[PDB]
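Trainee: structure, please.
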Amino acid sequence: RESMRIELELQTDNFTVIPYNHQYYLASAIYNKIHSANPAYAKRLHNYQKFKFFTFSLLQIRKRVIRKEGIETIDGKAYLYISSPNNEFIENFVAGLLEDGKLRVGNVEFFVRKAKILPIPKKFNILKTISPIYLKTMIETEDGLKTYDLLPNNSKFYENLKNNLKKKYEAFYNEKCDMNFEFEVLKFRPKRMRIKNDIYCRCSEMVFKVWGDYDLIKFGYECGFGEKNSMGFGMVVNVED
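Mentor: Numbers count the residues shown, from 1 in each chain. Structure data below:
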């Protein structure tokens, strides 16, 4: 029992455009696989129907053309990264995805070809989001209680990001988080992301340096940073030196 990250290698038709707004449909597709009655998932994921300690990336395209509506994949390939501090969840989900063999995101149909195992980095220095970080706090307004989306230029972002990770650590491991980490934001861009039929939030695409306790950073690396990890938010990747 340890963490696990996989790269799902997906294949659709050559020259297909993956819309800029695909994340919402991707999240729905992943949810629907996990909660499917298909026996490929049902037996394997029976104990994980309410499991929220995992994350996944946006669809990544390597051979790409920027288009008006999205990113075109010239060779039809796309890559989806999925990770959890629970390796049994990841192994079971991957076995189901490979047996099923197909993933539809919006109007794009993928074949699920292979799942590449990505061992955890032995050291962390620079991280960048491959799905943006969501972090919110509730605030009283003249129109009642509302949700405020924290970004790195908010004074509360820093400690709220840390405390979210420490609380998630305790919730997942059922042990005290006696660890700490710190970070420095090198770059960030806000991104508008649909999260419900009618709710859009502001999330952070960002690059940041980290230091502190390796085991806590490693938990953020495989669980995700910030909130709504299991809806596909907050996944990061190491940036090579």
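Trainee: partners of the top strand by length along the chain, with directions?
Mentor: Longest strand of the chain, by residue count under DSSP state E: strand 181-196. Here strand 181-196 is paired, per DSSP bridges, with strand 199-212 (antiparallel).
Trainee: following element in sequence after the partner strand, please.
Mentor: Of the helices and strands lying after strand 199-212 in sequence (DSSP states H and E), the nearest is helix 214-223.
Trainee: just want the most central residue of this protein.
Mentor: residue 56 (3.1 Å; Cα atoms, centre = their mean).
Trainee: which residues in the chain form strands?
Mentor: 4-11, 16-19, 55-56, 64-66, 70-73, 77-84, 102-105, 108-118, 126-129, 136-141, 144-149, 181-196, 199-212, 236-239.
Trainee: helices and strands around the helix ranked longest in the chain, which ones?
Mentor: If you go by DSSP state H, the chain has its longest helix at helix 157-173. Counting contacts by 3 or more Cβ pairs under 8 Å, 6 or more residues apart in numbering; DSSP states H and E, helix 157-173 is packed against strand 181-196, helix 214-223. No exception for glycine: its C-beta is placed from N, CA and C like everyone else's.
Trainee: give the contact list for residue 236.
Mentor: Contacts here follow Cβ atoms under 8 Å, 6 or more residues apart in numbering; on that basis residue 236 touches 127-130, 220-221, 224-225.
Trainee: bridging residues for the residue nearest to the centre of the chain?
Mentor: Counting by DSSP bridges, the residues bridging with residue 56 are residue 82.
Trainee: same deal with residue 134?
Mentor: residue 227.
Trainee: hmm, back to that, how near is the residue nearest to the centre of the chain to residue 26?
Mentor: Distance, residue 56 to residue 26, by Cβ to Cβ, to the nearest Å: 8 Å.
Trainee: okay, and the common contacts of those two?
Mentor: The contact lists of residue 56 and residue 26 share 80, 232, where a contact means Cβ under 8 Å, 6+ apart.
Trainee: in contact with the residue nearest to residue 99 when sequence neighbours are not counted, which residues?
Mentor: Of all residues not flanking residue 99 in the chain, residue 40 sits nearest, at 4.3 Å (Cβ to Cβ, 6 or more residues apart in numbering). Applying Cβ under 8 Å, 6+ apart to residue 40 gives the contacts 96, 99-100.
Trainee: top of those by neighbour count?
Mentor: Using other Cβ atoms under 10 Å as the neighbour criterion, residue 96 leads the contacts of residue 40 with 21 neighbours.
Trainee: surely that residue is in contact with residue 39?
Mentor: No. Using Cβ atoms under 8 Å, residue 96 is not in contact with residue 39; the gap is 9.1 Å.
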